[PDB]
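*Asks:* give me a 3D structure for the following:
(9 chains, ligands or ions: 10)
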Amino acid sequence: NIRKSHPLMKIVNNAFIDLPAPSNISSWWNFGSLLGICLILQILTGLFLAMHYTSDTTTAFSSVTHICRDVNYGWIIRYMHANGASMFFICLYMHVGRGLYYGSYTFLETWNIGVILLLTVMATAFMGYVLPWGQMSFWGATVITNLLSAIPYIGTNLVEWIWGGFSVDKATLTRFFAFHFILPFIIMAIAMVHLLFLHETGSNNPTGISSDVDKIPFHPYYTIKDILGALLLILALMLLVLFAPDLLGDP
Amino acid sequence: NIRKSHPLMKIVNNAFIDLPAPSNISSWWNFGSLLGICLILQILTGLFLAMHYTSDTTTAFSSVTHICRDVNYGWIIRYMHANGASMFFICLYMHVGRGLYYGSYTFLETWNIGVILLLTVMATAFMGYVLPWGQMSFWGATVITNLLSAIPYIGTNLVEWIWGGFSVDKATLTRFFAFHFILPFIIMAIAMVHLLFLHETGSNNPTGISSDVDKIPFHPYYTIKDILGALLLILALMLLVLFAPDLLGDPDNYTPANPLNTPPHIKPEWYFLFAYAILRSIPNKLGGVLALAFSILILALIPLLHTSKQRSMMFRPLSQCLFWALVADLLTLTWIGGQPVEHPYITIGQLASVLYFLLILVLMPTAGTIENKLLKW
Amino acid sequence: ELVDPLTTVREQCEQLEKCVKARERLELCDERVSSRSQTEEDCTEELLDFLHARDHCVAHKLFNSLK
Amino acid sequence: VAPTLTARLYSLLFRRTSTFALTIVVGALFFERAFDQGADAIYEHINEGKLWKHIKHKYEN
Amino acid sequence: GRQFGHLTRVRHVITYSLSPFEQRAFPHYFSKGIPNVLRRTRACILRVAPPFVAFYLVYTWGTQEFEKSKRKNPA
Amino acid sequence: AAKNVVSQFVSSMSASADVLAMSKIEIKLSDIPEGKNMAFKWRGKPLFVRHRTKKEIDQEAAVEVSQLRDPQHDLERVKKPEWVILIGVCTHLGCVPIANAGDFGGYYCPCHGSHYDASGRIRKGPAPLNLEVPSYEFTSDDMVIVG
Amino acid sequence: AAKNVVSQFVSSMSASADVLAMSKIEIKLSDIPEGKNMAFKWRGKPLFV
Amino acid sequence: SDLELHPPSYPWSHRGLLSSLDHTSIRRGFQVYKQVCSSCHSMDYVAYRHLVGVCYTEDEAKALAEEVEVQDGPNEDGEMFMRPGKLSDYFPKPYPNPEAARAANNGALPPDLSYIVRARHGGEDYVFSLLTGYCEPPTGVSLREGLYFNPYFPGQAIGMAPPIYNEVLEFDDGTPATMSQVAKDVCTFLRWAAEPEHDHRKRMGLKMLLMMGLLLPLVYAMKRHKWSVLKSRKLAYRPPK
Amino acid sequence: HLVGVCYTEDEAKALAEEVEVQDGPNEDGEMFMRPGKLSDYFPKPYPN
Ligand SMILES: CCCCCCCCCCCCCCCC(=O)OC[C@H](COP(=O)(O)OCCN)OC(=O)CCCCCCCCCCCCCCC
Ligand SMILES: CCCCCCCCCCCCCCCCCC(=O)OC[C@H](COP(=O)(O)OCCN)OC(=O)CCCCCCCCCCCCC
Ligand code: HEC
Ligand code: HEM
Ligand code: HEM
Ligand code: HEM
Ligand code: HEM
Ligand SMILES: C[C@@]1(c2ccc(Oc3ccccc3)nc2)OC(=O)N(Nc2ccccc2)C1=O
Ligand code: FES
Ligand SMILES: [Cl-]
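*Replies:* Numbering: from 1, shown residues only, chains lettered A, B, ... in the order given. Ligands and ions are numbered 1, 2, ... in the order given. The coordinates are given below.
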């Protein structure tokens, strides 16, 4: 009963313990928690990469090599962060595809807040790829940023304003690092409003039929199912990190 | 009515619009919102400073000069961020002093969450001061980080583990930048739990008497009062930024860091001088470091030392005098903290340090008991 | 050849009643320790407090002759 | 001007919120031009010799 | 978070209020305000002032003493 | 598993391979006459190398060792009494003492008032230990290797 | 006031004084025979001559 | 020799709260730095382009940059070479590193001057007093060869010989190059070097005070307007008996 | 980086000492050459 009355634990209880959930949500409903696991994985690995990263164009490339060569287990943190970003997009597209198939988009506020989460994670990962300052990093920044030049009558101003110059240069990389640092924390906050609107209605299920006639508590049924799915996420991540860390990157 | 039913606006309505608030909260209740304004000011200015900052020891000093010389209005953003940090500590100490005088600490969860907010803002500002890599930046990092060496049997390991080496160096500055970036966002989250626990009870007021018989809605009364106070905060900030941007800083910080030579006249920022004075009044290494920590952590004990049967000091003259003896004593330690360790400042700082802990632990609780007996209860 | 304004303002400030006592007490110290055989005392103090009065008077009037 | 000045400003511009906002945005436009003009003329009068635009005539080229 | 209508119990209390467009925002600002500031100052001066006066005297003595000690004395 | 991840993230903060790759220092002893404290750089922090006079060697030799905070005789710190080598970090909180200053004619720390002597031993002030003495040997009469 | 702050933070992102301080390029025309596209560097991006 | 002498307060024309730098004095002060100070002191953070529109025209500042040779390269052969300065170059350093500087100055290191006014207590008051404050040592003070007595320098023994004196340079506008004149101009220039935003910040400060003088009483009036409902409310208690 | 992979510490030290690398400044402000040590990166064949 004390889980229910404490001002802080009542939020945790009504979201992860006593939350009524459908009895029949399939494995496709696991990607919601895996997206949060991915977001927490990227914040931890990313934070430990910023302790040994420099946004100077003349040392940004070398600071990443310094991580993968001299920092104690810096390489494993580095490739978890890179492959974790790819795992993030695997979960995003399955999360979206789940909602399209099963009609979960009829939660308009939750869905529309979802579209915002997709775009910010896309913006976050794009800037992240610019930081190591390789060839694809630079020309990736060149092509995508130049897309704003297509906006009539203000495009070049928006592009040059974003670049901090007449081209992608040192001023562009330093600010992309600041954006890449802070944007994940805004995403975590928006992910809470995502869940806030969801709990108003509770989850959909594979049949698309209301499940109020058959609900089960989130604990212990979906705590352990989410724990099992996380172990499979770690398996998918560690296979890349520990057996093929360059398979998804570009030489 | 739509302000009340929307899942998101209902939180905003029950916190800033229809929130029942006491009709008589004074200007000392304005510092809560000003602390949030300060936190939002530092995040914005700080974020725009990270767009033109490099954590390389060989260019960290020059990247800050590049901001104040070549970046369009980079200097004004820079000095808002520096002076905003000092304004942050002005509001913290008034917010704390408000709660001590008026007995607001009896909200234990809100108070204890408050003590956590004070320590994280202290940790945030300490690391921020290390980033420009001046002389005081480096030797500030040297002295404060070495405090962990006082911890027996693990101290040097904690120090060298934090430094990333046998001394403060490039590895220490790069990580202090990562911590300084992220720690304000954790503070903002903890500030929400601070407000969450507060709204359970609502605000205290100057009389210390329950105000449920006379409540007014937060809007429009305290929205406009908070707006007015913010304009006065901006006035206090812009006077420093636009007329005296170096008054609260140290000139030695405009010389790049040099590990080989320490300046002779070490003077921290003004908001650390009272606690710096407490530490050096104890010559024992571990003893002085524990007294430093206890001079702040003692706030967590203030709720347990409340003896008066009345909550606020408004009706407690004997406690009022001891309260102001604590402010003047803290003003003395701040003064002693800014002077070198020599006669007579050594003995004055020792007497003031004893008076600081003597007031909180002994005199003020005994005054509250004398007052109860004087009122015959 | 060329008259520095600092020269004509310096000696003007020295006739003031406040600092003529400081120059007197400095010339005293010049004669006190010059007489001892082997000592280590010096007149740094008596010189600085003399310059503190003179240089204080120089600043108020000096800048009115410069461009 | 038999009706009060403030009275006529209210009936015409402040009663509706739309025109109350239009008078503000149009006011900030004309206030910005006059405030910066007068503020800069004061900062320049105190410093009449000192500024560069007061010495740019010497350096014709 | 508490809400109006659930705060407490009140009986037999009448409140008269006037619209803000019907009254002055600065009624007798100086003719009545200055006397009130003097009343409040007198009521609290003896509690607040003596501590900081005690600080001022300790501040000046400690600075004077520190200055004289740094000046040398004849042998 | 959880131990291994938390351990690896812990070692990430520990000093990297390049930081641990500190090389020794060649010190030219002909540049240090008597009464001088030449300040070098080693590991980032100062490395004081000092040549002592006979008026200092016998001063520190005769000393009540039982009364010291960190009892250690001057003879068991330096292989050769003429040469003394110290790390220029204060043991209190890491400041750099000013050489040939303080009451004891040794080193004084301006930060909080730690006094040392010609042997580098702590005698007064808040510091709890003698100045660090690195491991060194005199390969010849002109070069000294520190490490 | 709000315009001035938002404007100044906007110009902060605009190219700094040092970036705008781009200097011209001396090109030696004797190094470019017919049928050749010599690639130089100007403003950071290539300058084909 | 741990006694201190603090500098007096000279009435600089930029001392006041709203008072800008004197840009004619800046111009003369740059000439002092170039001709006298630049042979021992670097200024790593000021470039010729920073002069443009402050004390020289673009054409003037370009010609000034072209009066010195600076290193550039590599060329197509991998060699470094010398060219005339341009507006984008920082002021040349006199020495490649501090060790050469100490060796050329009897072991003392002339600091960078970009920030000297802000990195020393007393700013231009200190620098003005130091340059113009040399005198013979007091009785009982005997300085080692190489060092010069100056009572404003900490310790009173400075490794810089007096660098300025009457007619050390000729000013472009004919101003008499007296020691105090040369000191005043070079200090004014060094203030600008350390705080180029000085004039602009003072202009903003004036606008901030005027707007606050408007907004503070108006926002205060909005607070009292709303609160007047409560401040004039009257209460009465009528319980049944 | 070679130590404990394909050479001993003594072997890798001797290997570093087979080349001369630039160091300095000394007390006169001049650069000079010394034998390599374990902390030096492999010499570049060209300056640029
Ligand atoms: C993405 C954007 C994020 C912005 C975050 C800002 C955080 C709030 C910081 C508050 C700063 C106070 C104003 C600085 C004034 C300045 O510095 O302006 C300098 C300008 C002159 O400038 P000029 O001489 O170049 O001539 C300009 C070219 N025509 O006149 C001023 O003084 C105006 C200020 C008046 C006095 C202050 C009144 C405060 C009102 C509060 C409004 C705050 C808006 C909040 C925006 C988020
Ligand atoms: C921590 C390191 C700090 C270092 C900095 C130290 C510098 C201190 C400099 C002095 C600051 C002085 C602030 C101004 C105080 C004014 C006091 C005043 O106006 O009078 C007392 C006032 C009386 O009001 P009552 O509410 O009792 O009754 C009103 C009925 N008309 O009652 C009040 O208004 C009292 C309200 C509480 C005042 C808060 C001041 C706290 C100062 C910092 C405390 C730090 C604690 C760690
Ligand atoms: C070489 C011939 C120099 C000339 C020309 C100038 N300066 Fe100098 N300066 C020089 C040295 C060797 C030193 C180091 C002194 C020491 O003992 O460390 C200095 C130092 C200064 C300082 C710093 C003083 C301080 O408080 O630390 C200043 C402010 C300074 N010098 C000013 C200055 C100016 C304005 C000059 C041109 C008019 C100038 N110096 C010329 C060597 C030389
Ligand atoms: C950072 C990105 C995201 C995170 C962390 C996240 C998290 C979650 C979580 C935890 C749930 C509840 C559990 C579940 O259904 O698995 C959920 C549900 C949902 N999400 Fe997301 N989500 C994200 C992005 C998105 C996006 C991009 C969309 C669509 C464009 C979206 C649409 C939905 C919908 C419709 C549901 C309800 C599903 C149902 O009830 O069946 N989400 N999300
Ligand atoms: C949604 C969250 C995040 C995603 C999807 C993401 C994604 C990425 C990607 C794809 C890269 C490129 C890696 C490479 O090319 O090697 C990267 C790099 C980087 N990221 Fe993140 N990131 C996230 C959050 C963070 C956070 C919170 C931080 C810091 C606190 C951070 C710090 C870094 C750093 C320093 C790099 C450069 C080092 C490197 O290239 O490996 N990231 N990120
Ligand atoms: C980032 C730091 C902080 C922020 C943003 C913050 C914010 C706030 C806000 C908005 C309120 C309600 C409005 C008000 O009373 O002014 C409040 C109340 C309060 N705070 Fe804080 N606070 C912070 C730190 C602290 C600390 C360090 C303490 C104590 C050690 C503390 C103790 C209290 C108490 C006791 C109250 C209730 C006051 C009353 O009801 O009279 N706070 N805080
Ligand atoms: C509670 C919030 C914060 C406080 C109290 C604070 C305080 C400080 C302080 C005292 C300094 C030293 C300034 C100086 O010596 O010049 C500083 C520097 C700095 N801060 Fe913060 N800070 C906060 C938040 C942030 C945030 C959120 C960021 C970035 C997103 C940031 C970025 C920086 C940077 C880049 C510097 C170095 C530039 C400089 O020295 O001015 N800060 N901060
Ligand atoms: C900004 C600053 C700082 C910030 C925050 C900070 O927290 C506290 C504030 C109050 C109480 C407890 C902690 N205490 C110092 O960081 C820093 O290096 N110094 N100066 C410095 C120089 C030498 C030794 C010690 C400090 C500071 O004053
Ligand atoms: S740091 Fe040396 S005495 Fe404290
Ligand atoms: Cl700086």
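
*Asks:* any idea which element residue F:60 lies in?
*Replies:* Taking DSSP states H and E as the definition, one finds residue F:60 inside helix F:54-61.

*Asks:* do residue D:42 as well
*Replies:* Per DSSP H and E: residue D:42 is located in helix D:17-46.

*Asks:* show me where chain F has its helices.
*Replies:* F:2-13, F:17-20, F:54-61 (DSSP state H).

*Asks:* ligand 1 is nearest to which of those?
*Replies:* Nearest to ligand 1 among the helices of chain F is helix F:2-13 (33.9 Å), distances taken as C-beta to the nearest ligand atom. (Each C-beta comes from the backbone N, C-alpha and C, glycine too.)

*Asks:* now do the buried residues in the closest one.
*Replies:* The neighbour-count check on helix F:2-13 (16 or more other C-beta atoms under 10 Å in any protein chain shown) flags F:9, F:12, F:13 as buried.

*Asks:* now do stretch A:87-95
*Replies:* The neighbour-count check on stretch A:87-95 (16+ other C-beta under 10 Å) flags A:87, A:88, A:91, A:92, A:94, A:95 as buried.

*Asks:* which residues does the spatially most central residue of chain A contact?
*Replies:* Chain A has residue A:39 as the residue nearest its centroid, 4.6 Å off, counting by C-alpha atoms, centre = their mean. Neighbour list for residue A:39: A:88, A:184, A:187, A:188, A:191 [criterion: C-beta atoms under 8 Å, 6 or more residues apart in numbering or on different chains].

*Asks:* ok, residue H:130 next?
*Replies:* The contact partners of residue H:130, by C-beta under 8 Å, 6+ apart, come to H:7, H:150, H:152, H:153, H:158.

*Asks:* what's the ChimeraX syntax to select whichever of the residues you listed are buried?
*Replies:* A single ChimeraX command selects the buried members of these (16+ other C-beta under 10 Å):
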select /H:7,150,152,153,158
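
*Asks:* ok so, going back, confirm the residue nearest to the centre of chain A sits in a helix?
*Replies:* Yes. Under DSSP: H, G, I helix; E, B strand; the rest coil, residue A:39 falls within a helix.

*Asks:* relative to ligand 5, how far out is it?
*Replies:* Separation of residue A:39 from ligand 5 (C-beta to the nearest ligand atom, to the nearest Å): 6 Å.

*Asks:* picking up where we left off before, to chain G, which of the helices of chain F lies closest?
*Replies:* Closest of these to chain G is helix F:17-20, at 31.0 Å (criterion: C-beta to the nearest C-beta).

*Asks:* for the closest one, the distance to its chain's centre please.
*Replies:* Relative to the chain's own centre, helix F:17-20 is displaced by 22 Å; criterion: C-alpha atoms, centre = their mean, to the nearest Å.

*Asks:* buried residues, that helix. List them.
*Replies:* Buried residues in helix F:17-20, defined by neighbour count with 16+ other C-beta under 10 Å: F:18, F:19.

*Asks:* pull it out as PDB, backbone CA atoms only.
*Replies:* Taking C-alpha atoms only, helix F:17-20 is exported to PDB below (Å, rounded to 0.1, in the frame of the first residue of the first chain):
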ATOM      1  CA  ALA F  17      47.700   4.300 -21.800                       C
ATOM      2  CA  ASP F  18      49.400   7.500 -23.000                       C
ATOM      3  CA  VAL F  19      49.100   9.100 -19.600                       C
ATOM      4  CA  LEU F  20      50.700   6.100 -17.900                       C
END
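
*Asks:* and that helix, what does it pack against?
*Replies:* Based on contacts counted as 3 or more C-beta pairs under 8 Å, 6 or more residues apart in numbering or on different chains; DSSP states H and E, there is no element that helix F:17-20 packs against.
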